[PDB]
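Since the structure comes first, as structure tokens, the remarks are kept for the end.
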Amino acid sequence: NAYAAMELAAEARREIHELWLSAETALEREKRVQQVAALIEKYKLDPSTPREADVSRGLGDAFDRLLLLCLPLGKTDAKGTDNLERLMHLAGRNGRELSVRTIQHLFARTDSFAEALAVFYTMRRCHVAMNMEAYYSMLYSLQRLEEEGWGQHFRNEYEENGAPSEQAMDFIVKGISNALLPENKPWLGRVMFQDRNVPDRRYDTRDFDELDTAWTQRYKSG
Amino acid sequence: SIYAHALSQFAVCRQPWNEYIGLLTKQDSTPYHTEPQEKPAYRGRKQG
Amino acid sequence: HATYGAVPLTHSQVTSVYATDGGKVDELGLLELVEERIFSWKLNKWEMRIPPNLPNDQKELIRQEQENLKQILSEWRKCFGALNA
Amino acid sequence: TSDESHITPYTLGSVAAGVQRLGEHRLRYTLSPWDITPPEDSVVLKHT
Amino acid sequence: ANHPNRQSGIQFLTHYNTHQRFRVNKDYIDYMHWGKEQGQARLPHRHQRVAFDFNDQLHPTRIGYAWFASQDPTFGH
Amino acid sequence: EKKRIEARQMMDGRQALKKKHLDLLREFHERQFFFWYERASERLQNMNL
Amino acid sequence: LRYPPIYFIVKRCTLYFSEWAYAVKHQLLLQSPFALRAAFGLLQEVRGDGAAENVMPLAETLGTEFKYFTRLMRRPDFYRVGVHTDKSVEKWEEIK
Amino acid sequence: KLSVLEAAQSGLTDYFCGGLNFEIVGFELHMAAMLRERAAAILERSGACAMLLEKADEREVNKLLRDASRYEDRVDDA
Amino acid sequence: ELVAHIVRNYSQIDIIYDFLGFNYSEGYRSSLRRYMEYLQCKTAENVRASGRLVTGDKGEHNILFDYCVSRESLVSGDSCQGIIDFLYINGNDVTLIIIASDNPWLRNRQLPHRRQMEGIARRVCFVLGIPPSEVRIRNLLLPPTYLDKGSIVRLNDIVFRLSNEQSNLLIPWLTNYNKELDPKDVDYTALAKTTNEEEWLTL
Amino acid sequence: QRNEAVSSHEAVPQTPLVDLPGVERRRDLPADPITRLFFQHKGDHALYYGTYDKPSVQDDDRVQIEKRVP
Amino acid sequence: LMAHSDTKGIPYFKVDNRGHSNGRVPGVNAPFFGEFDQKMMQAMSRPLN
Amino acid sequence: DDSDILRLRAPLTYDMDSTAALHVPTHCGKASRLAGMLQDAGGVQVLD
């Protein structure tokens, strides 16, 4: 019975991986977003779906990479924030807790500020109990947004000049002036005596894949 | 230790002395255990 | 010795003050000749060397580097003495 | 010929420990899985 | 000392700011309800003692078993 | 003179350290502020009712 | 993969002879051949004949072990390679 | 009447006694090897306790070799 | 005679005199940047000096940045980790040049945390447009009160790329310059490894 | 000292040999963490320490002796 | 009753900085290797060196 | 190579391996005493 649900869930994750492994410029923001919405509406990933015949149960680990496949929110509508909160809601039912690794890359996926707030708010609606990981990952994401802004500014003014200013240089050295959770004092961003900065930079698909493949190799050998 | 596993298979665990000495046959054993009552203490030079 | 009008020299005015062209100079002949003359000094020869008019802090600095030059030069004096022996 | 092998000890020692240990890398939901889903009846929220 | 309020004695082995226990204005003792486990009601409580007996245990180190994995597997708390 | 240079070496060290302690205390307060907000939000939600 | 993976480890409550021998050969291949052969030579040099008399006493044994140690330590094998072999993982991380 | 030797370990170490410290020994053996290397380099640079026809080279070769033998002397001492 | 000879032969001898620690106040920092600036000027074909920043007119990356004096700025304010002295960008390579502090306490922090190196790397990647695939960012930390042969060799050879003959051409006196680390000063390089649960106790 | 100084004396005054990053840190005296009067505090923490008058927070689980004043 | 919240407690939120005040402690934080000294015998001894 | 392990069994010379033989008990007692004994013998004699 539910064995059927799991089978159709196998085809599901097959095509999720199919579009995840693409990760090409041929997949544009608009295209990725509407392709994701297409998958969700194909396989009935709404919370309205009953407990049995819930397709999201049998997606191992394809759930998180489907989840952060949503994240940069295209420019059409504010509809986008809903895809996300559908997925999370299902997790809420199913019992699978969100890994901090997953939400860290989730914030690392964010393009603008309003989107970062969009995410945090969304997992507020989704009954996620906020931890220090939540807060610090968010702050990190804001910080890298500003760092990215300034990086854009200085490369920009380097382009119309041809040699860097001293502002460009000491920006390169000490980073953002008066940052929250800064580099020069690393002991601040730490939670449970482990440093928390994943979200301070962008990640490709192959980065994510690199980490878990590393894990897999370590199992297959050691 | 990246590699040393060769040794790990014929390697030997350390033996359970705590419960072995616990479960030794004892000559004070009682079918039902009673905690001892309180002993007389020293209440100071006037009380003894 | 130090007199009114004596100045601590910078590199450029040392290059200016002693500038003389001549070809034949044994580095190792001259070095030892000068060395020898300094080992011939007695300690009073180091006495009046600090320049007369300076701010006091700067004077302290010059005292320091003078005392370290003298200490190094004597530290080398006895070494050379033993070597020559 | 066979022999008793000394089992190389596990890190956690029990499955429950496994879950809890795994759970610190994760985010607890505010609500347990069985009550997240809205009731079929409707509960008007009052002050306590 | 027979004076009332001086009965607590001279103890040096306390942690207070006077070696005279009866000038100490912090902890006033209770002669009627105290001293079941410590002997006399004058003496310091089990957990505040700064001097230790030969055959008596000294203070527990607070935690606030996972870390004994290398030890005897049976070794309890 | 040698005794003094190492004396102020240790002094500078200590003053640096209490700067670091200061940063740690600030961020401790920040943390327990976030938590405070998590509880206080929750109570005021109820008081809105 | 069509389905989500799980990862089990499988412990054997019984070693067979073939199994054990596999393990021990897997180690003999895992250590320096020169020092394997050397140490064999050293054992059979201390042992001598094997009679209660022909075994070296302590004073000669320390000397013999010294002879072999001194001769092997020169080789790049010991100092350049084998010494750093037994390092922890974080040590190798810090070095890398 | 009895002298008891044991290991004092604060819970950091489960060893009673290690062997020779192999990190130290390995280190200075490596140093010695490196000095023999440099000394051979300059011996074959001039060739293109070592007694030569040049005073500078005899000087530095012998300094190098002497230091090497000192290192080896520390291993031997261990 | 001898001093005239010295001035006529050794041009940079003030630089040397500083490298040997004979400047007891404000020592050996400024002479290092005069030296580096000289090296760069003989290495490249065009050099602009704008304030504390020196650049090439080339369109290819040659950049020398005098950032802070890590002596005072270290004990002065905002106790931090990665306080450096110079920054040098040679093209795809970036080098942080640090002068060790005289506090054996304050050295342990001084060279940058790995997180800071990630940061600087991707920040250069943003600004200079250099590919993040190939960037190699490295540290060089020199002895506190003076400068030995080892340090100058690895300053000449690696930071600037100079093959032995062009260096011997440009810097004749390096052959005669034998200075090496004193026993007291050997360990400036080796630094205390501190745990993350220990951070409240030690710097 | 005299007899064993002469004993080791060589003809040339040889330079000290470079050693491991350090062997010469004074070791910390051993103590047990679990059963303790006080924790043995590292000398590596020497910056953290206070004075007899104004003590740094340490050995919290133990009562703190007070200074005795008139 | 009065304080009961959906947000989990301090331990889940990991609000606190620091930790055990002595840093890494073999009994409490880190693992414990070797032997227990229950009497203080090794804990007060005199360095012979 | 076998000939190399054959070489290992030869006793220590100073010509090959440049190290003196170990003999341990004499080194244990008399190592610190040697300067004394030597100077009692009126120093060594360097012959040719």
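What follows draws every value from the coordinates through simple rules; no lab data is involved. Cβ atoms come from the backbone with ideal geometry, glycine included; neighbour counts cover every protein chain shown.
For region A:118-186, what is Rg from Cα atoms divided by 2.2 N^0.38 Å, rounded to two decimals?
Compared with the compact-globule rule of thumb, region A:118-186 sits at 1.48.
Once you put a point 7 Å from the Cα of K:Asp6 and another 7 Å from the Cα of L:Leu47, both along the Cβ direction, what distance in nm separates them?
10.3 nm
Restricting to DSSP loop positions (anything but H, G, I, E, B) with no more than 12 other Cβ atoms inside 10 Å of their own Cβ, which GluC sites (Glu not before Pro) remain in region I:118-198?
Loop-located and lightly packed - I:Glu134, I:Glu180.
Straight-line reach from E:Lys26: which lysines have a Cα under 19 Å away, not including same-chain ones fewer than 8 places off?
Within reach: J:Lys67.
Please sort by residue number the chymotrypsin sites (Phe, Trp or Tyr not before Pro) in region G:1-48 whose DSSP state is loop and whose Cβ has at most 16 other Cβ atoms within 10 Å.
Sparse-neighbourhood loop chymotrypsin sites (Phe, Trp or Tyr not before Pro): G:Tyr7, G:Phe8.
Which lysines have a Cα lying under 23 Å from the Cα of L:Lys30, excluding residues fewer than 8 positions away in the same chain?
Reachable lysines: G:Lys67.
Whole-Hz ³J(HN,Hα) for each residue in region L:2-10, computed from phi via Karplus 6.51 cos²θ - 1.76 cosθ + 1.60 with θ = phi - 60°, x for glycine and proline: what do you get?
7, 4, 6, 7, 4, 5, 4, 6, 4
Span-like helices, chain G: DSSP H, alpha-carbon axial extent 18 Å or more, mean Kyte-Doolittle 0.0 or greater, which ones?
Long hydrophobic helices here: G:33-47, G:58-73.
Around I:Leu169, under 15 Å between beta carbons, what's the net of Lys plus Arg minus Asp minus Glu among the other residues?
0
If eta is 1.002 mPa s and T is 20 °C, what Stokes-Einstein diffusion coefficient results for chain F, Kirkwood Rh from Cα pairs, in µm²/s?
153 µm²/s
Ratio of chain I's C-alpha Rg to 2.2 N^0.38 Å, to two decimals?
Cα Rg divided by the expected 2.2 N^0.38 Å: 1.09.
So which of F:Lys20/J:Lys42; F:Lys2/I:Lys149; A:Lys31/A:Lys79; F:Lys18/J:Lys54; C:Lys24/C:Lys70 end up more than 25 Å apart by C-alpha?
F:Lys2/I:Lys149; C:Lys24/C:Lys70
Given the -39500 (n - 2.57) contribution per DSSP H run of 4+ residues, what per-residue ellipticity at 222 nm results for the protein assembly as shown, rounded to the nearest 500 deg cm²/dmol? Each step should come with its number before you reach the end.
Working: 35 runs with 443 residues, N = 1073.
Using -39500 (n - 2.57) per qualifying helix, the result is -13000 deg cm²/dmol.
Spin-label point model (7 Å from Cα, Cβ direction): what's the A:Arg51 to J:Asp60 distance in nm?
Inter-label distance under the simple model: 4.3 nm.
Summarise the long-distance tail of P(r) for chain A by giving the % of C-alpha pairs beyond 27 Å.
On the way: 10094 of 24531 pairs.
Above the 27 Å cut-off, chain A has 41 percent of its Cα pairs.
Run down the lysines and flag those whose C-alpha is under 16 Å from the C-alpha of A:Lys174, throwing out any fewer than 8 positions away in its chain.
Those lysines meeting the cut-off are A:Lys185.
If I take the Cα coordinates of the protein assembly as shown and project them onto the principal axes, what are the three extents in Å, biggest first?
111, 90, 88
With no solvent and one point per C-alpha, what does the Debye sum give as log10 I(q)/I(0) for chain K at q = 0.17, 0.18, 0.20, 0.26 Å⁻¹?
-0.78, -0.82, -0.90, -1.08
Please report the projected area of region A:30-148's Cα convex hull averaged over all directions, in nm².
The number I arrive at for region A:30-148 is 7.2 nm².
Report, in degrees rounded to the nearest 10, the 0 to 90 angle that the Cα long axis of helix C:27-39 makes with the longest principal axis of chain C.
Relative to chain C, helix C:27-39 is tipped by roughly 70 degrees.
To the nearest whole number, what is the average tally of beta carbon atoms from other chains within 10 Å of the beta carbons of peptide G:69-79?
The shielding value for this peptide is 5.
Let me understand chain H better: what is its radius of gyration from the alpha carbons, and its Dmax, in angstrom?
Answer for chain H, Rg first and Dmax second: 20.3, 69 Å.
Within 10 Å of each Cβ in C:10-19, how many Cβ atoms from other chains are there, averaged over the peptide?
4
Using every Cα-Cα pair within chain C, state what percent have a distance larger than 16 Å.
Considering chain C, 68 percent of its Cα-Cα pairs are separated by more than 16 Å.
What Kirkwood hydrodynamic radius, in Å, does region A:1-44 give when the mean of 1/r is taken over all pairs of distinct Cα atoms and then inverted?
After inverting the pairwise mean of 1/r, the radius is 11.3 Å.
In Å, what Rg and Dmax follow from the Cα atoms of chain B?
Cα-based Rg and Dmax for chain B come out at 24.6, 72 Å.
Between region A:136-199 and region H:13-78, what is the C-alpha centre distance in whole Å?
48 Å
Determine the shielding of peptide A:162-168 by partner chains: average, over its residues, the number of Cβ atoms on other chains within 10 angstrom of each Cβ.
6
Under Stokes-Einstein, with the Kirkwood radius over Cα pairs standing in for Rh, what whole-number D in µm²/s applies to chain J at 10 °C and 1.306 mPa s?
Working: Rh = 17.5 Å.
Estimated diffusion coefficient is 91 µm²/s.
Evaluate E = 1/(1 + (r/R0)^6) for G:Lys11 and I:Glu72, where r is the Cβ-Cβ distance and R0 equals 56 Å; express this FRET efficiency to the nearest 0.05.
0.35
What number results when the radius of gyration of region I:1-57, computed over Cα atoms, is divided by 2.2 N^0.38 Å?
Normalised by 2.2 N^0.38 Å, the Cα Rg of region I:1-57 equals 1.37.
Angle between the Cα long axis of helix F:2-47 and the longest principal axis of chain F, 0 to 90 degrees, nearest 10?
The angle comes out near 0 degrees.
Tell me which GluC sites (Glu not before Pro) from chain C have a DSSP coil assignment and no more than 15 other beta carbons within 10 Å of their own.
The qualifying sites are C:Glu47.
Please report the antiparallel percentage of DSSP beta bridges with both residues in the protein assembly as shown, rounded to the nearest 5.
75 percent
Could you line up A:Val33, C:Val34 from fewest to most neighbouring Cβ atoms inside 10 Å?
Values: A:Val33 23, C:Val34 13.
Least crowded to most crowded, the residues run C:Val34, A:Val33.
I need two numbers for region G:30-77: Rg to one decimal and Dmax as a whole number, Cα atoms only, in Å.
Rg, Dmax (Cα atoms, Å): 12.0, 38.
I'd like the antiparallel share, as a percent to the nearest 5, of DSSP beta bridges with both residues in chain I.
Antiparallel bridges make up about 65 percent of those DSSP assigns within chain I.
Taking every pair of alpha-carbon atoms in region I:78-121, what share in percent sits in each 10 Å bin, from 0 to the bin with the longest distance?
In order of increasing distance, the bins hold 25, 54, 19, 2 percent.
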